[PDB]
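This document opens with one chain alone, in structure tokens, the form deposited without the partner chain.
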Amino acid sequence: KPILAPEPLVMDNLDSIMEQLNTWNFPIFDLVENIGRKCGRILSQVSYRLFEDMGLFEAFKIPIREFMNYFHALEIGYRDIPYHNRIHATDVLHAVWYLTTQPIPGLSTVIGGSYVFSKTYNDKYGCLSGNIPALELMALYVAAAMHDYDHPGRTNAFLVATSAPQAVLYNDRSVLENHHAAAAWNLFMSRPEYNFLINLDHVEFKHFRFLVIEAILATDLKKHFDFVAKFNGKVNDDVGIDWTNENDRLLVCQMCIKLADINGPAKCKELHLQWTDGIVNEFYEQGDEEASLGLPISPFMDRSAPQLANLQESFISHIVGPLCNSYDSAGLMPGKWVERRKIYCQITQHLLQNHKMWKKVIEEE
């Protein structure tokens, strides 16, 4: 049972691709090809680099062996399925790191907590890492790594409709997300070889665990409109986001992991088209099982009647679009001032270009 990290913990021949981590369109499929498909090390190698970039090993006296042991066991428990795999976990962790470390035009630093900064971070700009304490940031990064742990390649709706043992176990409520959090935490506690949090006190550890669970459970898209309405409520109230309020910080971390989780349509066309391929291939596996069980095939999941452009157009218009508008309205989107100044925002620019590409595909069909 004690899966341990490969002998040379840090792989070391990957420097030329790893130095591109500080870009939004990090070429993650070129990293996969450089490491080796199913070498099972992409998540632990990127986790190492981003924890070191933030000085999180010093801040919490994290021993590197136990940390690499855990992140390797975690990445090994992600299945070989087309989308909800360790490559997606790596992508989401990169996205949360990018959203929390990169310059945000006109964001104020909380006047007055222990805070970490990226080595990449060097009046007119702030970053979330300057407003969210190191403990809470580390919880968000670990949540991103564990968020899809042991994903079966089926939706909550499918597990509930088929009375899958997991759906009965979790009373049909956030079935996958409860399982990811519970299975990742059970893995963590199963062996002292995994205990990278040994230097947190008991109060800190219980708070850390609470924050990780809240972040993973926030990735259930059945709650998507509830989180977005709650967040628009906090932004448009008397004081706006209050960075000294622990519940306001939690809600920002949850919006951050939610955006990170569905970042694909807001990447360059090349990345977005590869992730689109991944999710529709996982849907077709589900559509095949639905047919074999005599259920009707869910919309967009029938390989012999694809509606790929309709899926991505409506995903962008109903889910990704409103989440980005809400996050941008809070003033939390990384961007650059244009030389009542305007902001150039790469993330919304990509989402707009991808939306237009899918509408153009629809108008031909």
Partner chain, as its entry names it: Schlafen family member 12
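Positions refer to the first chain, counted from 1.
Absent from the display: the form solved in complex with the partner chain. The rest refers to it.
> Which residue, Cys268, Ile76, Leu135, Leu221, has a heavy atom that falls within 4.5 Å of the partner chain in the entry with it bound?
Replying inline: Exactly one residue meets the criterion: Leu221.
> Here the chain is shown alone; which of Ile62, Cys39, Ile319, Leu308 has a heavy atom within 4.5 Å of the partner chain in the entry with it bound?
Replying inline: None of the others qualify; the residue that does is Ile319.
> Any idea which of 221-229, 81-89, 102-110, 145-153 reaches within 4.5 Å of the partner chain in the entry with it bound, heavy atoms considered?
Replying inline: It is 221-229 that comes within 4.5 Å of the partner.
> With the cut-off set at 4.5 Å between non-hydrogen atoms, does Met301 touch the partner chain in the entry with it bound?
Replying inline: So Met301 counts as contacting the partner chain.
> in the entry with it bound, does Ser314 have a heavy atom within 4.5 Å of the partner chain?
Replying inline: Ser314: yes, in contact with the partner chain in the entry with it bound.
>> Within 4.5 Å, heavy atoms only: does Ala157 come near the partner chain in the entry with it bound?
In response: Yes, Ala157 is a contact residue.
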